[PDB]
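Dropping protein.tsv in here (TSV, C-alpha atoms and all ligand atoms):
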chain	number	residue	atom	x	y	z
A	5	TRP	CA	-16.67	-22.28	9.79
A	6	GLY	CA	-13.03	-23.12	9.62
A	7	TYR	CA	-10.15	-23.23	7.21
A	8	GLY	CA	-10.76	-26.29	4.95
A	9	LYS	CA	-12.18	-26.50	1.37
A	10	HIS	CA	-15.56	-27.03	2.59
A	11	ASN	CA	-15.98	-24.39	5.27
A	12	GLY	CA	-13.03	-22.01	4.82
A	13	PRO	CA	-12.79	-18.32	4.01
A	14	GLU	CA	-14.52	-18.49	0.65
A	15	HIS	CA	-17.61	-19.86	2.34
A	16	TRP	CA	-17.83	-17.53	5.28
A	17	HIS	CA	-19.95	-14.89	3.57
A	18	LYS	CA	-23.02	-17.15	3.58
A	19	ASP	CA	-23.35	-17.13	7.38
A	20	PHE	CA	-21.55	-13.78	7.75
A	21	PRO	CA	-22.48	-11.49	4.85
A	22	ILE	CA	-20.24	-8.75	6.26
A	23	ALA	CA	-17.43	-10.88	4.81
A	24	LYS	CA	-17.97	-8.90	1.61
A	25	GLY	CA	-18.18	-5.60	3.55
A	26	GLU	CA	-16.45	-2.23	3.11
A	27	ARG	CA	-13.71	-2.59	5.70
A	28	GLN	CA	-12.68	-6.25	5.85
A	29	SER	CA	-9.29	-7.60	6.94
A	30	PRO	CA	-6.66	-8.67	6.28
A	31	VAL	CA	-5.34	-6.70	3.27
A	32	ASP	CA	-2.18	-6.49	1.25
A	33	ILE	CA	-0.06	-3.59	2.46
A	34	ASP	CA	1.30	-2.05	-0.70
A	35	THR	CA	4.21	-0.22	0.80
A	36	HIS	CA	4.50	2.29	-2.02
A	37	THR	CA	0.82	3.31	-1.81
A	38	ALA	CA	0.77	3.73	1.99
A	39	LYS	CA	0.97	7.44	3.01
A	40	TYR	CA	3.55	8.47	5.49
A	41	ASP	CA	1.74	10.52	8.10
A	42	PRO	CA	4.31	12.69	9.97
A	43	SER	CA	1.47	13.55	12.38
A	44	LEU	CA	0.94	9.86	13.63
A	45	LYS	CA	2.45	9.86	17.17
A	46	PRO	CA	4.69	6.99	18.30
A	47	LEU	CA	2.94	3.88	19.42
A	48	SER	CA	2.91	3.35	23.25
A	49	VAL	CA	2.97	-0.26	24.29
A	50	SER	CA	2.70	-0.48	28.11
A	51	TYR	CA	2.93	-4.18	29.03
A	52	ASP	CA	4.82	-3.86	32.36
A	53	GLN	CA	1.91	-5.01	34.49
A	54	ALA	CA	0.47	-7.60	32.10
A	55	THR	CA	-1.18	-10.52	33.86
A	56	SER	CA	-1.46	-13.58	31.73
A	57	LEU	CA	-3.97	-16.20	32.89
A	58	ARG	CA	-4.52	-19.15	30.59
A	59	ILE	CA	-3.88	-20.57	27.15
A	60	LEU	CA	-6.75	-22.17	25.21
A	61	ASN	CA	-7.05	-24.16	21.99
A	62	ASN	CA	-10.32	-22.85	20.55
A	63	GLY	CA	-10.37	-25.04	17.47
A	64	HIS	CA	-9.18	-22.17	15.25
A	65	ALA	CA	-5.97	-21.02	16.94
A	66	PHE	CA	-4.65	-20.84	20.49
A	67	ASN	CA	-5.35	-17.84	22.63
A	68	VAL	CA	-3.15	-16.52	25.51
A	69	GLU	CA	-5.70	-14.65	27.75
A	70	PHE	CA	-4.98	-11.73	30.07
A	71	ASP	CA	-6.68	-10.24	33.07
A	72	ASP	CA	-8.32	-7.18	31.54
A	73	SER	CA	-10.38	-6.19	34.65
A	74	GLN	CA	-8.04	-3.12	35.14
A	75	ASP	CA	-5.63	-0.98	33.04
A	76	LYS	CA	-2.59	-3.27	33.29
A	77	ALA	CA	-1.40	-3.97	29.77
A	78	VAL	CA	-2.43	-1.14	27.40
A	79	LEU	CA	-1.85	0.23	23.94
A	80	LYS	CA	-2.03	4.01	23.41
A	81	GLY	CA	-0.82	6.57	20.92
A	82	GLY	CA	-0.21	6.08	17.22
A	83	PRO	CA	-3.46	6.38	15.52
A	84	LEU	CA	-5.44	5.64	18.70
A	85	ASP	CA	-7.63	7.95	20.73
A	86	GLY	CA	-7.61	6.91	24.31
A	87	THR	CA	-6.55	3.66	25.98
A	88	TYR	CA	-7.02	0.14	24.67
A	89	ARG	CA	-6.58	-2.84	27.02
A	90	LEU	CA	-4.93	-6.15	26.10
A	91	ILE	CA	-7.33	-9.09	26.31
A	92	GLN	CA	-5.64	-11.84	24.37
A	93	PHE	CA	-3.06	-12.77	21.78
A	94	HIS	CA	-3.03	-15.51	19.21
A	95	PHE	CA	-1.32	-16.42	15.94
A	96	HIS	CA	-2.11	-17.41	12.43
A	97	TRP	CA	0.35	-19.77	10.62
A	98	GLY	CA	0.98	-21.94	7.64
A	99	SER	CA	1.61	-25.55	6.69
A	100	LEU	CA	4.89	-24.31	5.13
A	101	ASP	CA	7.24	-21.50	5.96
A	102	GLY	CA	6.18	-19.69	2.79
A	103	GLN	CA	2.64	-18.92	3.93
A	104	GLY	CA	0.74	-18.29	7.13
A	105	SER	CA	0.35	-14.51	7.57
A	106	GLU	CA	-2.95	-12.78	7.05
A	107	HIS	CA	-1.63	-9.40	6.09
A	108	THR	CA	0.86	-9.41	3.26
A	109	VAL	CA	3.49	-6.78	2.40
A	110	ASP	CA	3.83	-6.19	-1.27
A	111	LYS	CA	2.21	-9.61	-1.67
A	112	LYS	CA	4.86	-11.25	0.53
A	113	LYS	CA	3.44	-13.88	2.89
A	114	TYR	CA	5.20	-14.43	6.20
A	115	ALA	CA	5.34	-17.73	8.09
A	116	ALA	CA	2.91	-16.54	10.69
A	117	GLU	CA	1.31	-13.46	12.17
A	118	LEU	CA	0.81	-12.55	15.85
A	119	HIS	CA	-2.25	-10.56	16.82
A	120	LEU	CA	-2.31	-8.78	20.23
A	121	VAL	CA	-6.00	-7.85	20.70
A	122	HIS	CA	-6.99	-4.76	22.70
A	123	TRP	CA	-10.35	-3.15	23.40
A	124	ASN	CA	-11.19	0.52	23.80
A	125	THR	CA	-11.85	1.23	27.44
A	127	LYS	CA	-14.41	3.90	26.63
A	128	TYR	CA	-16.78	1.00	25.81
A	129	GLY	CA	-16.48	-0.76	29.11
A	130	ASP	CA	-15.94	-4.30	27.98
A	131	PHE	CA	-14.86	-6.34	24.98
A	132	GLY	CA	-18.31	-7.39	24.00
A	133	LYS	CA	-19.60	-3.79	23.72
A	134	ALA	CA	-16.37	-2.67	22.03
A	135	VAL	CA	-16.77	-5.01	19.11
A	136	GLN	CA	-20.03	-3.22	18.22
A	137	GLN	CA	-18.18	0.00	17.64
A	138	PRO	CA	-16.13	1.21	14.65
A	139	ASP	CA	-13.21	2.14	16.92
A	140	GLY	CA	-13.76	-0.66	19.44
A	141	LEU	CA	-10.59	-2.70	19.03
A	142	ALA	CA	-6.94	-2.15	18.27
A	143	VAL	CA	-5.06	-5.18	17.04
A	144	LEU	CA	-1.26	-5.05	16.96
A	145	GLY	CA	-0.15	-7.40	14.23
A	146	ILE	CA	3.50	-8.68	14.10
A	147	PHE	CA	4.88	-10.85	11.33
A	148	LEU	CA	6.96	-13.97	12.03
A	149	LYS	CA	9.75	-15.14	9.75
A	150	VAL	CA	11.71	-18.42	10.20
A	151	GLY	CA	15.36	-17.87	11.23
A	152	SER	CA	16.80	-17.55	14.69
A	153	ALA	CA	14.75	-18.68	17.66
A	154	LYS	CA	12.73	-16.24	19.62
A	155	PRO	CA	13.50	-17.01	23.28
A	156	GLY	CA	10.45	-15.08	24.47
A	157	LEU	CA	8.25	-17.40	22.49
A	158	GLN	CA	9.57	-20.64	23.94
A	159	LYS	CA	7.24	-20.71	27.01
A	160	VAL	CA	4.36	-20.69	24.60
A	161	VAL	CA	5.84	-23.36	22.38
A	162	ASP	CA	6.49	-25.61	25.38
A	163	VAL	CA	2.89	-25.56	26.67
A	164	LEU	CA	1.33	-26.48	23.27
A	165	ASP	CA	1.60	-30.18	24.00
A	166	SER	CA	-0.83	-29.70	26.87
A	167	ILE	CA	-3.43	-28.10	24.62
A	168	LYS	CA	-3.28	-30.18	21.59
A	169	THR	CA	-7.00	-30.42	20.83
A	170	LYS	CA	-9.99	-28.14	20.63
A	171	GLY	CA	-11.36	-27.17	24.06
A	172	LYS	CA	-8.22	-27.84	25.99
A	173	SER	CA	-6.81	-25.11	28.19
A	174	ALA	CA	-3.83	-24.76	30.60
A	175	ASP	CA	-2.91	-22.28	33.26
A	176	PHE	CA	-0.48	-19.76	31.68
A	177	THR	CA	0.56	-17.31	34.25
A	178	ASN	CA	3.50	-14.86	34.36
A	179	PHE	CA	4.02	-14.74	30.59
A	180	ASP	CA	5.51	-11.42	29.49
A	181	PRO	CA	4.26	-10.44	26.00
A	182	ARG	CA	7.05	-7.90	25.66
A	183	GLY	CA	9.23	-10.81	24.67
A	184	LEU	CA	7.28	-11.10	21.41
A	185	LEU	CA	7.93	-7.54	20.11
A	186	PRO	CA	10.52	-6.55	17.55
A	187	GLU	CA	12.90	-3.60	18.31
A	188	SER	CA	11.15	-1.12	16.10
A	189	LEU	CA	7.55	0.03	16.61
A	190	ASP	CA	7.29	1.52	13.14
A	191	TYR	CA	3.85	0.58	11.72
A	192	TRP	CA	1.19	0.75	9.11
A	193	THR	CA	-2.37	1.37	10.14
A	194	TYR	CA	-5.79	1.12	8.55
A	195	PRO	CA	-9.44	0.53	9.54
A	196	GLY	CA	-10.57	-3.07	9.26
A	197	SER	CA	-12.25	-6.03	10.79
A	198	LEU	CA	-11.87	-9.20	12.81
A	199	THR	CA	-10.24	-11.78	10.48
A	200	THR	CA	-12.47	-14.66	11.76
A	201	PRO	CA	-16.20	-14.83	12.02
A	202	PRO	CA	-18.11	-12.79	13.04
A	203	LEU	CA	-15.81	-10.54	10.95
A	204	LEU	CA	-17.03	-7.43	12.75
A	205	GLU	CA	-15.83	-4.11	11.38
A	206	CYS	CA	-14.50	-2.82	14.66
A	207	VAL	CA	-10.69	-2.86	14.37
A	208	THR	CA	-8.01	-0.34	14.03
A	209	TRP	CA	-5.13	-2.38	12.66
A	210	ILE	CA	-1.63	-1.48	13.62
A	211	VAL	CA	0.81	-3.75	11.68
A	212	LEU	CA	4.50	-3.54	12.61
A	213	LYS	CA	7.03	-3.15	9.81
A	214	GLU	CA	9.67	-5.23	11.43
A	215	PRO	CA	9.02	-8.96	11.65
A	216	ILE	CA	10.24	-11.14	14.55
A	217	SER	CA	12.30	-14.17	13.84
A	218	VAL	CA	11.30	-17.54	15.21
A	219	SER	CA	13.03	-20.88	14.63
A	220	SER	CA	11.84	-23.56	12.36
A	221	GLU	CA	11.51	-25.84	15.36
A	222	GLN	CA	9.23	-23.24	17.11
A	223	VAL	CA	6.83	-23.00	14.18
A	224	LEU	CA	6.86	-26.74	13.67
A	225	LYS	CA	5.40	-27.07	17.15
A	226	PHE	CA	2.55	-24.74	16.21
A	227	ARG	CA	1.83	-27.13	13.39
A	228	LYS	CA	1.38	-30.12	15.74
A	229	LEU	CA	-1.71	-28.62	17.21
A	230	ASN	CA	-5.13	-29.98	16.13
A	231	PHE	CA	-8.31	-28.29	14.92
A	232	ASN	CA	-10.32	-31.32	16.13
A	233	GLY	CA	-11.28	-32.28	19.61
A	234	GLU	CA	-9.79	-35.18	21.70
A	235	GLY	CA	-10.96	-38.50	20.45
A	236	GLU	CA	-11.70	-37.24	16.88
A	237	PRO	CA	-9.75	-37.78	13.64
A	238	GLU	CA	-6.59	-35.66	13.66
A	239	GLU	CA	-6.78	-32.55	11.44
A	240	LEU	CA	-3.58	-30.59	11.89
A	241	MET	CA	-4.04	-26.85	12.88
A	242	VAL	CA	-2.21	-25.34	9.89
A	243	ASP	CA	-3.17	-22.64	7.41
A	244	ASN	CA	-5.50	-20.92	9.78
A	245	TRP	CA	-5.21	-17.61	7.93
A	246	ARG	CA	-7.70	-15.59	5.93
A	247	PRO	CA	-6.25	-14.36	2.68
A	248	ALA	CA	-6.05	-10.65	1.71
A	249	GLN	CA	-9.35	-8.93	1.09
A	250	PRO	CA	-9.98	-5.96	-1.19
A	251	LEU	CA	-8.83	-2.63	0.20
A	252	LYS	CA	-11.90	-0.84	-1.27
A	253	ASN	CA	-12.27	2.78	-0.10
A	254	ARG	CA	-9.49	2.81	2.42
A	255	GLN	CA	-6.11	4.33	3.01
A	256	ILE	CA	-3.16	2.70	4.74
A	257	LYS	CA	-1.00	5.17	6.72
A	258	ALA	CA	2.61	4.58	7.65
A	259	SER	CA	4.34	5.95	10.78
A	260	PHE	CA	7.68	6.02	8.95
A	261	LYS	CA	9.11	6.95	5.52
B	301	LIG	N1	-11.27	-10.39	18.92
B	301	LIG	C1	-10.67	-11.13	17.95
B	301	LIG	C2	-11.13	-12.43	17.83
B	301	LIG	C3	-10.57	-13.26	16.88
B	301	LIG	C4	-9.65	-12.67	16.06
B	301	LIG	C5	-9.34	-11.39	16.20
B	301	LIG	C6	-9.78	-10.53	17.11
B	301	LIG	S1	-8.19	-10.93	15.02
B	301	LIG	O1	-7.06	-10.32	15.75
B	301	LIG	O2	-8.81	-10.09	14.01
B	301	LIG	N2	-7.86	-12.38	14.41
B	301	LIG	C7	-8.79	-13.24	14.98
B	301	LIG	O3	-8.84	-14.43	14.83
B	302	ZN	ZN	-6.01	-13.02	14.42
Rewrite the structure of this file - the entire thing - as structure tokens.
Ligand SMILES: Nc1ccc2c(c1)S(=O)(=O)NC2=O
Ligand SMILES: [Zn+2]
Amino acid sequence: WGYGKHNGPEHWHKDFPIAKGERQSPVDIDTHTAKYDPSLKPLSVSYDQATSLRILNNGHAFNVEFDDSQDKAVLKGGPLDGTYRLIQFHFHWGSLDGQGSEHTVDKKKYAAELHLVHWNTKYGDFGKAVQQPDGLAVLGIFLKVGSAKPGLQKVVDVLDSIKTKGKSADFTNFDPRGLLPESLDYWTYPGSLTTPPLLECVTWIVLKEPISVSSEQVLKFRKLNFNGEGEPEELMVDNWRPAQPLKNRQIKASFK
């Protein structure tokens, strides 16, 4: 599986039949269909004690990994019951500034989308959490091209060291608060992982307010490679799944 013609999203259902399931992600967020829920509590993002460890090119995206062996960076509140622990973040992006996000907003595609992945601590570890319908909470943040995001630049600068699949680099003392917009207003709905195995385990929490990154920052994302060292260069671009049918679901908004 990957993102090309021959093994991209339209093919994934053959190995992963859940691809055509009842709660697949991403979706288009139709802002005028979403229901404002005055009872959704504010989101609590508690990243003070976050301990970043490593950055890895996995052949599909790059992942910034965290020490999740204790409650140190956690998401609570909003639509969530209990405490969800940050494990990793990664992005999805385009070959052009006009595409790259997975979620869309009134069919608008952003240049990229950040996903901060958390697991429900009632399930003990990530692997058990993904078997549960409320196992994960993914905080999704859109990226638009404009001004640079200074809190992204440490990431951008290490990409050269992980150009190809399987490469990793120590990535300590990275503060993911630097990647958040000002507002924590959000939409939320029940969905899935957006890559195989496409498990239907996610509560999505998608911020309304995009962050702005520079063109130069996103260009550096686009210099990464899907292939391994020594193989023909296939640029890591357009690593996004397109919108899937909403089916029998409701999107709730935290704001009017
Ligand atoms: N645990 C996860 C593993 C991979 C992915 C996700 C979660 S995502 O945030 O749905 N987008 C993904 O690629
Ligand atoms: Zn993702």
Could you give me, as a short mmCIF file (atom, residue, chain, number, x, y, z; two decimals) with C-alpha atoms, in the frame of the given file, every polymer residue with an atom at most 12 Å away from an atom of ligand ZN 302 (chain B), counting all atoms listed in the file?
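Listed below is the output, out-v7.cif:
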data_model
loop_
_atom_site.label_atom_id
_atom_site.label_comp_id
_atom_site.auth_asym_id
_atom_site.auth_seq_id
_atom_site.Cartn_x
_atom_site.Cartn_y
_atom_site.Cartn_z
CA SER A 29 -9.29 -7.60 6.94
CA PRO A 30 -6.66 -8.67 6.28
CA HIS A 64 -9.18 -22.17 15.25
CA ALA A 65 -5.97 -21.02 16.94
CA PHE A 66 -4.65 -20.84 20.49
CA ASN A 67 -5.35 -17.84 22.63
CA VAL A 68 -3.15 -16.52 25.51
CA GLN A 92 -5.64 -11.84 24.37
CA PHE A 93 -3.06 -12.77 21.78
CA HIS A 94 -3.03 -15.51 19.21
CA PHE A 95 -1.32 -16.42 15.94
CA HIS A 96 -2.11 -17.41 12.43
CA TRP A 97 0.35 -19.77 10.62
CA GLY A 104 0.74 -18.29 7.13
CA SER A 105 0.35 -14.51 7.57
CA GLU A 106 -2.95 -12.78 7.05
CA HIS A 107 -1.63 -9.40 6.09
CA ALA A 116 2.91 -16.54 10.69
CA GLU A 117 1.31 -13.46 12.17
CA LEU A 118 0.81 -12.55 15.85
CA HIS A 119 -2.25 -10.56 16.82
CA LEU A 120 -2.31 -8.78 20.23
CA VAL A 121 -6.00 -7.85 20.70
CA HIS A 122 -6.99 -4.76 22.70
CA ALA A 142 -6.94 -2.15 18.27
CA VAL A 143 -5.06 -5.18 17.04
CA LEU A 144 -1.26 -5.05 16.96
CA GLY A 145 -0.15 -7.40 14.23
CA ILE A 146 3.50 -8.68 14.10
CA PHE A 147 4.88 -10.85 11.33
CA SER A 197 -12.25 -6.03 10.79
CA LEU A 198 -11.87 -9.20 12.81
CA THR A 199 -10.24 -11.78 10.48
CA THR A 200 -12.47 -14.66 11.76
CA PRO A 201 -16.20 -14.83 12.02
CA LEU A 203 -15.81 -10.54 10.95
CA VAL A 207 -10.69 -2.86 14.37
CA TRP A 209 -5.13 -2.38 12.66
CA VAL A 211 0.81 -3.75 11.68
CA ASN A 244 -5.50 -20.92 9.78
CA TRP A 245 -5.21 -17.61 7.93
CA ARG A 246 -7.70 -15.59 5.93
CA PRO A 247 -6.25 -14.36 2.68
#
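Using only C-alpha atoms, the shortest contact distance between residue 185 of chain A and any of A:248, A:49, A:78, A:13 is found at A:49.
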Exercise. Give the answer as one residue: which of A:222, A:178, A:255, A:124 has the shortest atom-to-atom distance to residue 154 of chain A, using only C-alpha atoms?
Key: A:222
Quiz item: Residues at most 6 Å from segment 189-195 of chain A, counting only C-alpha atoms, excluding those fewer than 5 positions away in the same chain, as a PyMOL selection string?
Solution: chain A and resi 208-213+256-259
If the box runs along x, y and z of the file and leaves 4 Å on each side of ligand LIG 301 (chain B), what are its centre and edge lengths in Å, one decimal, as lines of an AutoDock Vina configuration file?
center_x = -9.2
center_y = -12.3
center_z = 16.5
size_x = 12.2
size_y = 12.3
size_z = 12.9
Quiz prompt | Nearest residue to ligand LIG 301 (chain B) from the set A:59, A:153, A:38, A:206 (distances using only C-alpha atoms and all ligand atoms) | solution = A:206
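Between atom CA of residue 71 of chain A and atom CA of residue 130 of chain A there is a distance of 12.1 Å.
Counting all atoms listed in the file and comparing A:138, A:81, A:196, A:250, the residue that lies closest to ligand LIG 301 (chain B) is A:196.
Taking atom CA of residue 19 of chain A and atom CA of residue 69 of chain A as the two end points, the separation is 27.1 Å.
A straight line drawn from atom CA of residue 48 of chain A to atom CA of residue 114 of chain A is 24.7 Å long.
Considering the residues A:160, A:224, A:134, A:84 and counting only C-alpha atoms and all ligand atoms, ligand LIG 301 (chain B) has its shortest atom-to-atom contact with A:134.
By only C-alpha atoms, and with residues fewer than 3 positions from residue 76 of chain A along its chain excluded, the set lying at most 9 Å from it is residues 50, 51, 52, 53, 54, 55, 71, 72, 73, 89 and 90 of chain A.
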Counting only C-alpha atoms, select every polymer residue within 6 Å of (-10.2, 0.6, 22.2) as defined in the file's coordinates, and provide the selection as a CSV table (one decimal) with C-alpha atoms, keeping the file's coordinate frame.
chain,number,residue,atom,x,y,z
A,88,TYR,CA,-7.0,0.1,24.7
A,123,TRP,CA,-10.4,-3.2,23.4
A,124,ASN,CA,-11.2,0.5,23.8
A,125,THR,CA,-11.8,1.2,27.4
A,140,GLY,CA,-13.8,-0.7,19.4
A,141,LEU,CA,-10.6,-2.7,19.0
A,142,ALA,CA,-6.9,-2.2,18.3
Set the distance at 7 Å and use only C-alpha atoms: which residues neighbour segment 169-177 of chain A once local chain neighbours fewer than 4 positions away are removed? I'd like the list as a PDB file with C-alpha atoms, keeping the file's coordinate frame.
ATOM      1  CA  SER A  56      -1.460 -13.580  31.730  1.00  0.00           C
ATOM      2  CA  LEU A  57      -3.970 -16.200  32.890  1.00  0.00           C
ATOM      3  CA  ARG A  58      -4.520 -19.150  30.590  1.00  0.00           C
ATOM      4  CA  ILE A  59      -3.880 -20.570  27.150  1.00  0.00           C
ATOM      5  CA  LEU A  60      -6.750 -22.170  25.210  1.00  0.00           C
ATOM      6  CA  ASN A  61      -7.050 -24.160  21.990  1.00  0.00           C
ATOM      7  CA  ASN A  62     -10.320 -22.850  20.550  1.00  0.00           C
ATOM      8  CA  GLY A  63     -10.370 -25.040  17.470  1.00  0.00           C
ATOM      9  CA  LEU A 229      -1.710 -28.620  17.210  1.00  0.00           C
ATOM     10  CA  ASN A 230      -5.130 -29.980  16.130  1.00  0.00           C
ATOM     11  CA  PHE A 231      -8.310 -28.290  14.920  1.00  0.00           C
ATOM     12  CA  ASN A 232     -10.320 -31.320  16.130  1.00  0.00           C
ATOM     13  CA  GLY A 233     -11.280 -32.280  19.610  1.00  0.00           C
ATOM     14  CA  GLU A 234      -9.790 -35.180  21.700  1.00  0.00           C
TER      15      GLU A 234
END
